[PDB]
Amino acid sequence: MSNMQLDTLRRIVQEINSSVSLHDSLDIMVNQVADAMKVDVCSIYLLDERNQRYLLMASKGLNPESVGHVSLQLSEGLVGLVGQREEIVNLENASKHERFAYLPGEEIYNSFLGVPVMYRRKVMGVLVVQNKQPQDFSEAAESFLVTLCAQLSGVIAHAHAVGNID
Amino acid sequence: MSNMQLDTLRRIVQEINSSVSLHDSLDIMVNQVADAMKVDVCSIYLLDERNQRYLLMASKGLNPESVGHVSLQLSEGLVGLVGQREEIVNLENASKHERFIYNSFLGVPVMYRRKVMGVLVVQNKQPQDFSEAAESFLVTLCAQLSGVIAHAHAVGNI
């Protein structure tokens, strides 16, 4: 038989790889991750070095109004911590860390899985998976997300290198 | 329990994430892929579009002096063929192919936005089948590599 989870990863990687723009790549990744994992929210925050902040650039599950208009400071909350530590932060029960989580509407998400997007030792962004209830996500999920983030890391680096001269 | 290819992909890409240059990334990739695939040779060729040639840029297993020296046109052998048809060529017995001592060859196009950046090759001396999971594993790593190579063009490393 087949390694169906690898096949799923390959399918998403190919769709991202053949996408025409940074925006399309990000949109494909968050929506496909949300479907493959069956999670409430998947979002990607990119480090905006001009404004020294992380900016929400795509999401499945957050209000689409928020995209391009919610930001976090570089040391702020769990997203900032993922970026500072350059480590996965996989919290089954994020409620225990909610008070100083400084997360970016009404909804409460009691699980948090943040994965750094790293290129050439530099943090390009943070991918966030959230769910309403506490959830224990396995090593497979971490490996899946790490691999997708590594693909996006070069798409993002390339976008910077061919974008505005800033 | 653990998905072997997912877990290996994670470990390899994490090493690439901490690379210091294009050349470091290519070296990490050839070494890590040779280990994962248990092959005698893993090589990466980059397309020099101007000259319509593939330049050997990194290798585990080939004569190191070949790197940055061996150059192939699109008509030349199986590397050329992979770039030309933008398709995986997977041959347990490479002599089967009229384009073809390494008996076994798997070549995978490195694509970025439907454009060929290069070719990743594994070769083995003793016959080796390369499974469907092996193809998917290499496709995934090539997609990862493709952004590295695109960025290298963008900043003028290549």
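Numbers for the structure displayed
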| read-out | value |
| --- | --- |
| Residue in region B:16-52 that is farthest from B:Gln123 (Cα to Cα), counting only those that are of a type in the set (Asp, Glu) and surrounded by fewer than 15 Cβ atoms within 10 Å (Cβ to Cβ) | B:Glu49 |
| Subset of region B:103-141 [touching a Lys or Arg at 6+ places or on another chain (Cβ under 6 Å) and of a type outside the set (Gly, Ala, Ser)] | B:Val139, B:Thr140 |
| Hits in region B:112-142 - residues which are facing another protein chain (nearest Cβ under 8 Å) and out of contact with any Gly (no Cβ under 9 Å at 6 or more places or on another chain) | B:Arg113, B:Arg114, B:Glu132, B:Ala133, B:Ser136, B:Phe137, B:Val139, B:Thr140 |
| Boolean, A:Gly80 is in a helix (DSSP H, G or I), more than 10 Å from every other protein chain (Cβ to nearest Cβ) and under 26 Å from A:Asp24 (Cα atoms) | yes |
| Selected residue (only one of B:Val13, B:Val108 is assigned to a strand (DSSP E or B), within 14 Å of chain A (Cβ to nearest Cβ) and not charged (D, E, K, R)) | B:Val108 |
| Close pairs from region A:4-26: first basic (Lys, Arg), partner in a helix (DSSP H, G or I), Cβ under 6 Å, at least 6 apart | A:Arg10/B:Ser136; A:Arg10/B:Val139; A:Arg10/B:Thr140 |
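Positions of Cβ are backbone-derived with ideal geometry, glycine not excepted, and every protein chain shown enters the neighbour counts. Computed from the coordinates by the stated procedures, all read-outs in this text should not be read as laboratory data.
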